[PDB]
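Structure data (compact mmCIF, C-alpha atoms) from model_19.txt:
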# COMPACT_ATOMS: atom_id res chain seq x y z
CA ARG A 1 -14.56 -23.05 -26.45
CA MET A 2 -13.92 -19.65 -28.05
CA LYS A 3 -12.08 -18.29 -25.01
CA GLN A 4 -9.85 -22.48 -25.39
CA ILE A 5 -9.35 -21.33 -28.97
CA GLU A 6 -8.03 -17.86 -28.02
CA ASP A 7 -5.77 -19.07 -25.22
CA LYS A 8 -4.40 -22.15 -28.53
CA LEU A 9 -3.84 -18.96 -30.55
CA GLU A 10 -1.82 -17.32 -27.75
CA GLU A 11 0.45 -20.29 -27.13
CA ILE A 12 0.69 -20.18 -31.86
CA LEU A 13 1.71 -16.54 -31.22
CA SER A 14 4.31 -17.61 -28.61
CA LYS A 15 5.74 -20.41 -30.74
CA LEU A 16 5.80 -16.90 -33.92
CA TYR A 17 7.80 -15.06 -31.21
CA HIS A 18 10.17 -18.04 -31.02
CA UNK A 19 10.19 -17.03 -35.46
CA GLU A 20 11.40 -13.66 -34.17
CA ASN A 21 14.00 -14.94 -31.71
CA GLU A 22 15.65 -17.28 -34.20
CA UNK A 23 15.53 -14.72 -36.99
CA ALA A 24 18.45 -12.23 -34.06
CA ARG A 25 20.17 -15.60 -33.80
CA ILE A 26 20.59 -16.23 -37.50
CA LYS A 27 21.05 -12.53 -38.35
CA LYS A 28 24.69 -13.14 -35.18
CA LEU A 29 25.50 -15.98 -37.58
CA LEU A 30 25.05 -14.12 -40.93
CA UNK A 31 24.41 -9.64 -40.08
CA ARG B 1 -17.08 -26.59 -35.89
CA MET B 2 -15.14 -25.15 -32.91
CA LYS B 3 -13.67 -28.48 -31.79
CA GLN B 4 -12.73 -28.63 -36.50
CA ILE B 5 -11.08 -25.30 -35.81
CA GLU B 6 -9.12 -26.45 -32.76
CA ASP B 7 -7.97 -29.66 -34.41
CA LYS B 8 -6.75 -26.84 -38.02
CA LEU B 9 -4.97 -25.03 -35.18
CA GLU B 10 -3.24 -28.23 -34.03
CA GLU B 11 -2.15 -29.37 -37.49
CA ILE B 12 -0.77 -24.84 -37.78
CA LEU B 13 1.07 -25.74 -34.52
CA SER B 14 2.53 -28.87 -36.18
CA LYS B 15 3.58 -27.13 -39.38
CA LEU B 16 5.42 -24.04 -36.24
CA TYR B 17 7.24 -27.20 -35.02
CA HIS B 18 8.42 -27.85 -38.58
CA UNK B 19 9.69 -23.57 -37.88
CA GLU B 20 11.65 -25.19 -35.06
CA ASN B 21 13.20 -28.15 -36.88
CA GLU B 22 14.29 -26.06 -39.86
CA UNK B 23 15.53 -23.20 -37.69
CA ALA B 24 18.07 -26.81 -35.91
CA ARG B 25 18.91 -27.67 -39.54
CA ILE B 26 19.96 -24.18 -40.58
CA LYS B 27 21.86 -23.51 -37.31
CA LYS B 28 24.20 -27.44 -38.79
CA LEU B 29 24.69 -25.23 -41.88
CA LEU B 30 25.51 -21.82 -40.23
CA UNK B 31 26.25 -22.82 -35.75
CA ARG C 1 -18.31 -16.87 -39.07
CA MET C 2 -16.75 -20.25 -38.09
CA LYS C 3 -16.53 -21.59 -41.64
CA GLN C 4 -14.80 -17.24 -42.31
CA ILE C 5 -12.40 -18.24 -39.55
CA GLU C 6 -11.56 -21.69 -40.97
CA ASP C 7 -11.11 -20.35 -44.50
CA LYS C 8 -8.40 -17.09 -42.34
CA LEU C 9 -6.75 -20.29 -40.99
CA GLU C 10 -6.39 -21.77 -44.50
CA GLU C 11 -4.95 -18.62 -46.00
CA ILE C 12 -2.26 -18.75 -42.20
CA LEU C 13 -1.54 -22.34 -43.37
CA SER C 14 -0.82 -21.13 -46.93
CA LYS C 15 1.38 -18.24 -45.90
CA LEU C 16 3.32 -21.64 -43.24
CA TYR C 17 3.65 -23.30 -46.66
CA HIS C 18 5.40 -20.18 -47.97
CA UNK C 19 7.80 -21.31 -44.22
CA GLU C 20 8.42 -24.47 -46.29
CA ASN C 21 9.08 -22.82 -49.68
CA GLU C 22 11.71 -20.42 -48.29
CA UNK C 23 13.26 -22.83 -45.80
CA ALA C 24 13.79 -25.12 -49.97
CA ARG C 25 15.30 -21.82 -51.21
CA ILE C 26 17.63 -21.00 -48.31
CA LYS C 27 18.66 -24.63 -48.00
CA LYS C 28 19.91 -23.78 -52.45
CA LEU C 29 21.81 -20.87 -50.84
CA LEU C 30 23.47 -22.77 -47.94
CA UNK C 31 22.45 -27.13 -48.24
CA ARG D 1 -15.78 -13.46 -29.78
CA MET D 2 -15.62 -14.76 -33.36
CA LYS D 3 -15.03 -11.36 -34.92
CA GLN D 4 -11.99 -11.08 -31.24
CA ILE D 5 -10.65 -14.33 -32.71
CA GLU D 6 -10.53 -13.12 -36.33
CA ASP D 7 -8.98 -9.78 -35.41
CA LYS D 8 -5.91 -12.56 -32.97
CA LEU D 9 -5.72 -14.15 -36.42
CA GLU D 10 -4.92 -10.85 -38.20
CA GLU D 11 -2.35 -9.65 -35.67
CA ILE D 12 -0.84 -14.04 -36.25
CA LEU D 13 -0.92 -13.16 -39.98
CA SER D 14 0.96 -9.86 -39.33
CA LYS D 15 3.58 -11.40 -37.06
CA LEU D 16 3.76 -14.39 -40.70
CA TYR D 17 4.35 -11.21 -42.74
CA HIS D 18 7.21 -10.37 -40.43
CA UNK D 19 8.40 -14.58 -41.92
CA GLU D 20 8.21 -12.70 -45.24
CA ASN D 21 10.11 -9.54 -44.21
CA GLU D 22 13.00 -11.51 -42.65
CA UNK D 23 13.16 -14.30 -45.22
CA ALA D 24 13.85 -10.43 -47.97
CA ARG D 25 16.51 -9.62 -45.35
CA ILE D 26 18.28 -12.98 -45.11
CA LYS D 27 17.89 -13.73 -48.83
CA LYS D 28 20.42 -9.65 -48.79
CA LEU D 29 22.72 -11.56 -46.46
CA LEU D 30 22.90 -14.78 -48.57
CA UNK D 31 20.72 -14.15 -52.54
Show me the file's structure as structure tokens.
Amino acid sequence: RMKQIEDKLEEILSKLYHXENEXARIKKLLX
Amino acid sequence: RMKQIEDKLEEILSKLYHXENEXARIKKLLX
Amino acid sequence: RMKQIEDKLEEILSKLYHXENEXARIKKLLX
Amino acid sequence: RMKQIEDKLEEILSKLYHXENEXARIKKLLX
């Protein structure tokens, strides 16, 4: 269950990287 | 407690999807 | 340690609510 | 593994502080 929790936290970190990707996209629209 | 933690992580993932919807709403205002 | 982890996840959820607060403030600047 | 999970949660919180850094930078482009 700890190693299910770590691999939920990895796919939270992936959906923060998708944070990062939108924040280059908005900074084209605004930068 | 592990399967309480996994179901806090699910309702963090839900509030990243609300990330996603706001980052659609801001791209109507800016796109 | 599980109920330390749950209360790190509470203070991640709080800093997603600060997500919501800024996505109110940017939507004043743009809405 | 609990104290591996807490230290994934710290490096999630760090990548939320980077939320905070960008939401200073966009609030220069817009404020």
Please measure the separation of atom CA of residue A:24 and atom CA of residue C:13, giving the value in Å to one decimal.
24.3 Å
Please list as a list in words every residue within 10 Å of residue B:10, counting all atoms listed in the file and excluding residues in the same chain fewer than 6 positions away.
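Contacts, with the query itself left out: residues 8, 9 and 12 of chain A; 4 and 16 of chain B.
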Rounded to one decimal, what separation in Å do you get between atom CA of residue B:5 and atom CA of residue B:20?
22.7 Å
Figure out the distance between atom CA of residue A:25 and atom CA of residue C:27, please, to one decimal in Å.
16.9 Å
Among D:31, D:11, D:1, D:22, chain C is approached most closely, using all atoms listed in the file, by D:31
As a tab-separated table (two decimals), keeping the file's coordinate frame, the rebuilt stretch 2-13 of chain B with N, CA and C atoms:
chain	number	residue	atom	x	y	z
B	2	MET	N	-16.20	-25.66	-33.80
B	2	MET	CA	-15.14	-25.15	-32.91
B	2	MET	C	-14.11	-26.24	-32.57
B	3	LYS	N	-14.58	-27.40	-32.15
B	3	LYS	CA	-13.67	-28.48	-31.79
B	3	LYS	C	-12.81	-29.14	-34.12
B	4	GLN	N	-13.43	-28.89	-35.25
B	4	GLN	CA	-12.73	-28.63	-36.50
B	4	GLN	C	-11.70	-27.52	-36.52
B	5	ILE	N	-12.01	-26.41	-35.87
B	5	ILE	CA	-11.08	-25.30	-35.81
B	5	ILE	C	-9.91	-25.65	-34.90
B	6	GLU	N	-10.19	-26.21	-33.72
B	6	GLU	CA	-9.12	-26.45	-32.76
B	6	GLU	C	-8.18	-27.52	-33.28
B	7	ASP	N	-8.74	-28.56	-33.88
B	7	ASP	CA	-7.97	-29.66	-34.41
B	7	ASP	C	-7.13	-28.82	-36.62
B	8	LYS	N	-7.62	-27.76	-37.27
B	8	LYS	CA	-6.75	-26.84	-38.02
B	8	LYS	C	-5.68	-26.13	-37.19
B	9	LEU	N	-6.00	-25.68	-35.98
B	9	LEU	CA	-4.97	-25.03	-35.18
B	9	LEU	C	-3.83	-25.97	-34.75
B	10	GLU	N	-4.18	-27.24	-34.50
B	10	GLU	CA	-3.24	-28.23	-34.03
B	10	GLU	C	-2.29	-28.67	-35.15
B	11	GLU	N	-2.89	-28.93	-36.33
B	11	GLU	CA	-2.15	-29.37	-37.49
B	11	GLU	C	-1.16	-27.20	-38.35
B	12	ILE	N	-1.64	-26.02	-37.97
B	12	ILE	CA	-0.77	-24.84	-37.78
B	12	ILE	C	0.33	-25.01	-36.71
B	13	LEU	N	0.01	-25.54	-35.53
B	13	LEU	CA	1.07	-25.74	-34.52
B	13	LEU	C	2.12	-26.74	-35.02
